[PDB]
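The chain below stands alone and is given as structure tokens, in the form deposited in one PDB entry.
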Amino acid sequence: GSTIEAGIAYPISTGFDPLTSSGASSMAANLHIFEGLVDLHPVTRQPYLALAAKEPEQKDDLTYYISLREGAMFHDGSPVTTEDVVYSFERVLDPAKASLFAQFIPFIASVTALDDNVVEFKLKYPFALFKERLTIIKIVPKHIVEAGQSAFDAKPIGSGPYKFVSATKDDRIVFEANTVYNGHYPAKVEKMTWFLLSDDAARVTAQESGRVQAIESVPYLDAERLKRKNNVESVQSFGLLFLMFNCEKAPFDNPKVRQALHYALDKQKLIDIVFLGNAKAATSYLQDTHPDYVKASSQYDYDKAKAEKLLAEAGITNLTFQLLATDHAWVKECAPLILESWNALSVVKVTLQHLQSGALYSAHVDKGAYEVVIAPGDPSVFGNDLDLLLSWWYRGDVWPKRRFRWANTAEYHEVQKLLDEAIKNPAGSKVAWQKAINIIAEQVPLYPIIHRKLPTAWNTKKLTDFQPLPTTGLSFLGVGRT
């Protein structure tokens, strides 16, 4: 009766419905609970067949036929049917359903079932990464989702190698093995419990006491001490801290003001004291180790005087605003340093307010009831291609229109044209993406302050084949006990 126990670092901030499950711990749970037709490996990010019975057969440039894995089953016993696959795509694509993820499949024109086994995928244009993106659209049980979406959001039913048992905020997420799963990554333990330990001291203690076998997001100050008994490995990651403005609210609609507040921040002090060197001031949308990294034409290295000159040019004589920030432990350590830099400026006064992530977005950001936010973000949980990473924040309406309120600008429209150019025209995508990034880096509606490295601690003697993620989350796919 072997079990796994893990210490997770992000509180539950969304439900588990893949239509909208953007919170880290939710996404990390759904890698185990759901399957795309093809999935990405949480460590290697390589694609593998999941619900797809074999490699998608491409009839022509716009048309793909995909077949279902014989005997596929949802956790409630029903079979995975081709109607479920179609419902899964149509509901993400349906604007009335309010998904957070349709801007990850803009190339998809139709998803039609041809019979009990086969689904035709019709594309609006040739798109090379069609297999790669299927991991974003998890296949969901229509007949359960239609009896009540919010009940499914709280008790997710999937076809993955683990079934959901229960989830209790501040406590734990619980899974059990799915014994009819017939994919590539069957569950190697019976019971899996994820303790929700967002407090750094508590997370460390759990691991250092031996009460859990691995923990996410090792606190930087505790990293070396924990190597005494445990493997600790720090991975370079797209994971970042962004600065987000409400671009409908004066004076933050003036890019001139948004730039000054980046210049005012002393990133080096931040990297030394909070991250003990394990992060890097942003020099572009990507981190400098990302394969498509191309240095941006705007850089924002600590320059107070430029920040002053820019505010004077904007006509800011006495700005007061509240900074909203999430509750994560390392975001709490960054907030004073940030505020100290802004409050150093002659014309700016800044107060601070922390909120749980879930409440920050649903009660403040989603409603425009803010001015300035810092929060962590890691869209590479969805994959690593540049268009994916840009699209998260800059395609469509999910962030630019519903959240940072910049879709009204000409720069926004020009970023749309550039993003669409680059996925239609692979030959010219590099050039198009550099123009889009330079526009983003000059306008800074939402833009990274730093990218950081992720430490994961685990016990090599107790687990088998565990590897740390280059993103948020833990993965126990193919991971055994001992």
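One rule holds for the numbers: they count along the sequence shown, beginning at 1. Between two forms, the rigid core is defined as the largest C-alpha subset superposing within 1.5 Å.
Beyond the structure shown, there is the form deposited in another entry, which is absent from this document and is the topic of what follows.
*Asks:* My question is whether residue 130 is one of the residues whose C-alpha shifts by 2 Å or more between this form and the one not shown, given a fit on the rigid core.
*Replies:* No.
*Asks:* Given a core-based superposition, decide whether the C-alpha of residue 45 shifts by 2 Å or more between this form and the one not shown.
*Replies:* Not so; residue 45 is displaced by less than 2 Å.
*Asks:* Since the CA distance of residue 425 and residue 52 differs by 3 Å or more in that other deposited form, is it closer or farther than in the form displayed?
*Replies:* Closer together, by at least 3 Å.
*Asks:* Out of closer and farther, which fits the Cα atoms of residue 95 and residue 412 in that other deposited form compared with this form, where the change is 3 Å or more?
*Replies:* It is farther: the C-alpha separation of residue 95 and residue 412 rises by at least 3 Å in that other deposited form.
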